């Protein structure tokens, strides 16, 4: 079905390997290809990511990649330390047209095969599933 532009992979790798950015928002351009829409600078925080993934309005869907920071403590140790983990999310609000929602759903696997290494996936249809609390519970 839908292809993936090489720019999705290079932007992704600049985060994983070089820590150059904090997040990316992707979109399907003209029902043909997944492209980059927004690149968050490394110092960005999560609220901005959430405001960017919804910036297309209630008729739109998006994908998002975020290098999420949280606190973790390994068994038997005496301290808790900050960690970070990449996750890839699909965002399809209920107000979007079924056709658009289905296309973003069917094309999600094409994007995941392109971003080798991501270990955590989330499919949200409302903000309750994309909150810091929902994500932190997922990344554990």
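Numbering follows the first chain given and starts at 1.
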Selected stretch [higher average CA B-factor]: 125 to 133 or 7 to 15: 125 to 133
101 to 109 versus 34 to 42 - which carries the larger mean C-alpha B factor in the record: 101 to 109
Options 96, 115, 28, 86 - largest CA temperature factor per the record: 96
Record-listed C-alpha B factor of residue 54: chain third: lowest
Assigned third (lowest, middle, highest) for the C-alpha B factor of residue 73: highest
CA B-factor placement of residue 65, once the chain's modelled residues are sorted into thirds: lowest
